[PDB]
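**Q** Counting the sequence shown from 1 gives a position; the deposited numbering is that position plus 44. C-beta atoms are modelled at their ideal positions from N, C-alpha and C, and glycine is treated no differently.
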Amino acid sequence: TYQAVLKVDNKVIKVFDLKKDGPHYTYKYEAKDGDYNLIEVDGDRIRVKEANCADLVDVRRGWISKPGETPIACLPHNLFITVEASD
Ligand SMILES: [Zn+2]
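(1) Could you compute how far the alpha carbon of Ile-108 sits from the alpha carbon of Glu-128?
(2) Under the three-state reduction of DSSP, which class applies to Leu-100: helix, strand or coil?
(3) Nearest to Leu-50 by alpha carbon, out of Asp-131, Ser-130 and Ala-117?
(4) According to the neighbour-count rule (16 or more other Cβ atoms, all chains shown, within 10 Å of its Cβ), is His-121 buried or exposed?
(5) Does the beta carbon of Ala-95 fall short of 6 Å from some heavy atom of ligand 1?
(6) Kindly provide the ranges of any beta strand (DSSP E) runs that are 3 or more residues long and lie completely inside the segment 66-102, ordered along the chain.
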C-alpha cells in the first residue's frame, strides 16, 4: 500500500492513502493569489486534473501510482506530489 504526499511551499499539506478499491475525489489547492492546482485521487492513483500555471506541465504529466515514479511537479506554484510506501 502506498501514500501520496502533497507539498506546497515546502510544507506537506496533505497525505492521500492510495487504495486500489478506494474512493475517487478531488482536492483543490488554491492560494490567496489565485494560483491553484486541482488534485484528483482515483483509488490507487493520483494526478493534477486542472491548474492555472503558465505551462500546465503537472496537468500534462497525468497519473502516478508507484514510489519510484518522477514526482508530479508544478514548479510555478512550488507544488509537488510524490508517492511513497506506508513506511
Ligand atoms: Zn503547473
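**A** On the basis of the supplied data:
(1) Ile-108 and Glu-128 have their alpha carbons spaced roughly 11 Å apart.
(2) In the structure shown, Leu-100 sits in coil (DSSP, three-state: anything other than H, G, I, E or B).
(3) Ranking the options by Cα distance to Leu-50, first place goes to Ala-117.
(4) Buried is the call here.
(5) Yes, Cβ of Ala-95 sits closer than 6 Å to a heavy atom of ligand 1.
(6) Within the segment 66-102, the beta strand (DSSP E) runs of at least 3 residues that lie entirely inside it are, in chain order, 68-74, 80-86 and 89-95.
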